[PDB]
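Just one chain is shown here, as structure tokens, and it is the form deposited in one PDB entry.
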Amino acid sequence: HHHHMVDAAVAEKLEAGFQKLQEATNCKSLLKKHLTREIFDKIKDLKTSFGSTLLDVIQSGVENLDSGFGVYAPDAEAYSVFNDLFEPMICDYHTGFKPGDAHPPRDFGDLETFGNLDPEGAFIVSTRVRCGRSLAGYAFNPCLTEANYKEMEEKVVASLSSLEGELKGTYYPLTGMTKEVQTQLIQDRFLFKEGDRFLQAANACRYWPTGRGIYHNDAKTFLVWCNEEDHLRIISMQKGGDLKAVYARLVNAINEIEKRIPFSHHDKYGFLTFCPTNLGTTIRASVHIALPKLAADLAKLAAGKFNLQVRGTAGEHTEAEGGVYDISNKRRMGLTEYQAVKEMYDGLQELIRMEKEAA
């Protein structure tokens, strides 16, 4: 496909979408904020080599005006071709990253500098680190062919099936998934299903459920989703606060996978993903921590000095311990994997120190 020229159908649909954006003077999306007429007029007739147009970028945010972000990348090249829109959006969303920055190369860092977090079990309820990856060479969802989905899944399965030791586990395809397995995966909170209206409207569920599946280790402390939104979503998690173990498991897993499957990467934006909220390190770390003494003061948002975000957790007495907060990394881009996780580690250590010291 050539870099220019969209057909008349695409052009008409883009203009109507832009107008809908405009008349919705109520719309809070990043798409509406950043897709100015000037930018729209500049990029509306461009296509990637896969044939993706601006409509394949913005259609979800147009159809779902309540979108928070409102664009997706239909293939890795969209990030360059439609960069006039992607760049301001990405840089608005991602704390500490600005136009002209180059996201640093991957570096998981020295695992030995993590570890002793809450061995007592007095504070941290659970620890989780999620990452995402696209496979080098493949389009993203709106552009994948049925044979692409099958081939990608075969490759992913070959790699996960070869995993040994702590990562050894089972792959469950969505194709022909039984009621029994569906139920078991729902109990585990491991099941995904056809995407919500945001993903449907992005054409991200074509050929469902071909090439979609779920892998977890026997311990249920390592989970992979194949083709849920990104080619790969990779999660390490467990009860308690052993961030070293959680992070080491994920690092080992990603290194083993990459030995067999190279990832899509970008010199400025880091690992490329279908949703640009997942760029850079792609890291989404989350620790549930009980801080009932600090809960009184909410000068807790201390966490900010380590670039960490604090969120309350739901439930009543009968369900959940009180004063438990979800602590996560605000930074995904413009820092290495090691810096992102060490920020969590350092900040949590301080929070706990503060909790022990509070009256």
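From 1 onward, residues are counted along the sequence shown.
Asker: With respect to the deposited sequence, how many residues separating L301 from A302 are not represented by coordinates: none, 1 to 3, 4 to 9, or 10 or more?
Answerer: Going from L301 to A302, the model skips 1 to 3 residues of the deposited sequence.
Asker: Of 173 to 181 and 142 to 150, which one has the bigger average CA B-factor?
Answerer: Comparing 142 to 150 with 173 to 181, the higher average CA B-factor belongs to 142 to 150.
Asker: Comparing 262 to 270 with 277 to 285, which stretch shows the greater average C-alpha B-factor in the deposited entry?
Answerer: Mean B over CA atoms: larger for 262 to 270.
Asker: Looking at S328, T53, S67, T36, which has the highest Cα B-factor in the entry?
Answerer: Among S328, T53, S67, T36, the PDB entry lists the largest C-alpha B-factor for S67.
Asker: Select one of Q200, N255, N227, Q238: the residue whose C-alpha shows the highest B-factor in the crystal structure entry.
Answerer: Of the candidates given, the C-alpha B-factor peaks at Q200.
Asker: Taking the values exactly as deposited, rank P99 by C-alpha B-factor within its chain and report the matching third: lowest, middle or highest.
Answerer: According to the entry, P99 has a C-alpha B-factor in the chain's middle third.
Asker: Which third of the chain does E12 land in by C-alpha B-factor: lowest, middle or highest?
Answerer: As the PDB entry reports it, the C-alpha B-factor of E12 lands in the highest third of its chain.
Asker: Taking only the Cα B-factors deposited for this chain, tell me whether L348 sits in the lowest, middle or highest third.
Answerer: Middle third - that is where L348 ends up once the chain's C-alpha B-factors are sorted.
Asker: When the deposited Cα B-factors of this chain's modelled residues are ordered and cut into thirds, is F114 in the lowest, the middle or the highest one?
Answerer: Answer is highest: the recorded C-alpha B-factor places it there.
Asker: Classify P209 as lowest, middle or highest third according to the C-alpha B-factor given in the PDB entry, relative to its own chain.
Answerer: Within its chain, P209 is a middle-third residue by C-alpha B-factor, going by the deposited values.
Keep in mind that the form solved in complex with a small molecule is not shown, yet the notes after this line are about it.
Asker: Quick check for you: of 246 to 254, 107 to 115, 73 to 81, 272 to 280, which stretch puts a non-hydrogen atom within 4.5 Å of the small molecule in the deposited bound form?
Answerer: Only one stretch qualifies here: 272 to 280.
Asker: Just to confirm, with a 4.5 Å cut-off on non-hydrogen atoms, which of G51, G68, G322, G304 contacts the small molecule in the deposited bound form?
Answerer: If I apply the 4.5 Å criterion carefully, the residue I get is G68.
Asker: Would you mind picking the one in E166, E229, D242, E87 that has a heavy atom within 4.5 Å of the small molecule in the deposited bound form?
Answerer: Selected residue: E229.
Asker: In the deposited bound form, does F198 have a heavy atom within 4.5 Å of the small molecule?
Answerer: Residue-level check for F198: yes, a contact with the small molecule.
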